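> Output the structure for:
(3 chains)
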Amino acid sequence: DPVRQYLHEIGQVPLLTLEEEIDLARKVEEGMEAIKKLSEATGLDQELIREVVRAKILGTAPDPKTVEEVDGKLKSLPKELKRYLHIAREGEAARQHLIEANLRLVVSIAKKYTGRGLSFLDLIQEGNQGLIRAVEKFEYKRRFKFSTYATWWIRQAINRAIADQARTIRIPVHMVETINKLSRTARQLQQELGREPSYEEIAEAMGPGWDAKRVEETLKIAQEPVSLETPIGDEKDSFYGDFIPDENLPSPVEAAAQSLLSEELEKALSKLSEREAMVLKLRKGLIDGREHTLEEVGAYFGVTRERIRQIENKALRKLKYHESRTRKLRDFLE
Amino acid sequence: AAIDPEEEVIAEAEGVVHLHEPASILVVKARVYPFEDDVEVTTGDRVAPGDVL
DNA sequence: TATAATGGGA
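Numbers count the residues shown, from 1 in each chain, chains lettered A, B, ... in the order given. Right below this line is the structure:
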């Protein structure tokens, strides 16, 4: 039971008082402003100082070079500018404790979104992502409790997660909201009718802009795929996919037919001059896969569009003549 | 310091400040090193006996 | 983007 493990772990961290909540949110904003004034004093990027401070706080172990040489430059600064180093360090410590003390709130919000395709712990962890983004741009000066800003961010990160991960075949966000609107209406009219609706009446219930054909096609994408390992019958020796034919792999008869066709066309083209045959192979895409127009073929052979057309037409009625006598190519014709 | 400059305690004259009404007292098993001048050790790294503070 | 919301559920 990993849920009891995590709830016990977030249980060890006690909740924080309104005084502590103001103090931690204060040190966070002070640390973030201390970083920006270090980007003016030293001249390097915000995120660089951000990670070098995060490193030296949450863990010991380029590690020996780039990380320590940036920290070394920061350590070799005047006293008036090294204040902002210490302020940034404890400010990043405040961000850690601000997150840890409110992991208890993420669980209280995430539990309502269960049964939508993501497990509980997946509902807690994407919610924890909202808790981090909530802390990072939380400003305590507005005099609002941290729970109000977080709750909006926990729900944003969970809803966004369900929209992106729950479906096996990825679906846009608005369509997920649309599918939820459709799925809620069919359950209350099931209770009202005692039976499932037709597509016309659920479309009449959905409002304007919804007809019987749109509800059928949006519900069509709403359904999740079937498992190929769905068991068939009580016997434990067959899955669904054991009875599905391969519609894409060619059969032995199909594979031979395409080879006999390529062989019989080569033998047919061999009754022509090599230019006559090369023109036809360029015009039909047998060389590189694209039908070359009369201009490219004339450029290849150094002749005009009309000269190529005559070569092409003469080569065809020679093929038709030989085909009327051999009848090799008369089939393959579907 | 306070949220708005009006509620900020400004010292009206030269004096000595004391602290008295604490929400909570945190006793940490540690030992204390007062410093003058400046410091080179920064907040959060571990140290060995004899290392310069 | 801000009332506040802080340990699951079979």
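> Now tell me what touches stretch B:15-28 from outside.
Here stretch B:15-28 makes contact (C-beta atoms under 8 Å, 6 or more residues apart in numbering or on different chains) with A:17, A:19, B:11. Quick note: C-beta positions are derived from backbone N, CA and C, even for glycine.
> Between these, which sits nearest residue A:81?
The closest of these to residue A:81 turns out to be residue B:11 (C-beta to C-beta; 25.8 Å).
> Now do residue A:26: how many residues are near it, please.
Using other C-beta atoms under 10 Å in any protein chain shown, residue A:26 has 16 other residues around it.
> Look up phi and psi at it.
phi -70, psi -50 (degrees, to the nearest 10).
> Spatially nearest residue to it (excluding sequence neighbours)?
What sits nearest to residue A:26 in space, not counting adjacent residues and going by C-beta to C-beta, 6 or more residues apart in numbering or on different chains, is residue A:140, at 6.3 Å.
> Surely the one you found is in contact with residue A:20?
No - counting by C-beta atoms under 8 Å, residue A:140 sits too far from residue A:20 to count as a contact (11.7 Å).
> Residue A:55 - nearest residue in space that isn't next to it in sequence?
residue A:67 (5.7 Å).
> try residue A:107
Nearest to residue A:107 is residue A:124, by C-beta to C-beta, 6+ apart, at 5.9 Å.
> Pull out the buried residues from the one helix or strand that neighbour maps to.
In this structure, residue A:124 sits in helix A:120-136 according to DSSP states H and E. Neighbour counts over helix A:120-136 (16 or more other C-beta atoms under 10 Å in any protein chain shown) mark A:120, A:122-131, A:134-135 as buried.
> These: which ones sit near DNA strand C?
residue A:120 (C-beta under 7 Å from any atom of the strand).
> Residue A:227: which of the buried residues of helix A:120-136 is nearest?
residue A:122 (20.2 Å).
> Quick check: that closest one touching residue A:161?
Yes - contact criterion C-beta under 8 Å: residue A:122 and residue A:161 qualify, at 7.3 Å.
> How about the closest residue to chain B within the stretch 151-300 of chain A, nearest residue that isn't a chain neighbour?
When scored by C-beta to the nearest C-beta, the stretch 151-300 of chain A has residue A:152 as its residue closest to chain B, at 22.6 Å. Nearest residue to residue A:152 in three dimensions, chain neighbours excluded: residue A:134, at 7.6 Å (C-beta to C-beta, 6+ apart).
> and residue A:96, how many neighbours?
The burial count for residue A:96: 15, using other C-beta under 10 Å.
> Surely it is in a helix?
Yes - Residue A:96 sits within a helix when classified using DSSP: H, G, I helix; E, B strand; the rest coil.
> and it, how far is that from chain B?
11 Å (C-beta to the nearest C-beta, to the nearest Å).
> out of everything not next to it in sequence, what's closest to that residue?
Setting aside the residues directly before and after it, residue A:96 is nearest to residue A:58 in space (C-beta to C-beta, 6+ apart), at 7.0 Å.
> Assess the claim that the one you found and residue A:97 are in contact.
No - Residue A:58 lies out of contact with residue A:97 (C-beta under 8 Å); the separation is 11.8 Å.
> more neighbours, the two?
residue A:97 (16 against 11).
> near DNA strand C, which residues of the stretch 151-300 of chain A?
A:151, A:152.
> Determine which residue belonging to the stretch 151-300 of chain A approaches DNA strand C most closely.
residue A:151 (3.6 Å; C-beta to the nearest atom of the strand).
> Quick check: the residue of chain B nearest DNA strand C.
Closest point on chain B to DNA strand C, by C-beta to the nearest atom of the strand, is residue B:3, at 13.5 Å.
> ok, the spatially closest residue to that residue that is not a sequence neighbour - how many residues close by?
Spatial nearest neighbour of residue B:3, excluding adjacent residues (C-beta to C-beta, 6+ apart): residue A:141 at 6.1 Å. Using other C-beta under 10 Å, residue A:141 has 11 other residues around it.
> Tell me the spacing between residue A:141 and DNA strand C.
Residue A:141 is 8 Å from DNA strand C, where distance means C-beta to the nearest atom of the strand, to the nearest Å.
> That residue in helix, strand or coil?
Under three-state DSSP, the three-state class of residue A:141 is helix.
> any idea how far residue A:123 lies from residue A:15?
21 Å (C-beta to C-beta, to the nearest Å).
> oh sorry, the question was meant for residue A:305
From residue A:305 to residue A:15 the distance is 83 Å (C-beta to C-beta).
> Looking at those two, which is more packed in?
A direct count of neighbours by other C-beta under 10 Å for residue A:305 and residue A:15 places residue A:305 higher, at 13 against 10.
> give the contact list for that one.
For residue A:305, the contact set (C-beta under 8 Å, 6+ apart) comprises A:294, A:295, A:298.
> Try it again at 6 Å.
By C-beta atoms under 6 Å, 6 or more residues apart in numbering or on different chains, the contact list for residue A:305 reads A:294, A:298.
> And residue A:280, by the same measure?
Taking C-beta under 6 Å, 6+ apart, one finds residue A:315 in contact with residue A:280.
> what's around the closest residue to residue A:216 other than its chain neighbours, how many residues?
Leaving aside its sequence neighbours, residue A:216 sits nearest to residue A:199 (C-beta to C-beta, 6+ apart; 4.7 Å). The number of residues packed near residue A:199 is 15, by other C-beta under 10 Å.
> Does residue A:199 touch residue A:213 like I think?
No - using C-beta atoms under 6 Å, residue A:199 is not in contact with residue A:213; the gap is 7.5 Å.
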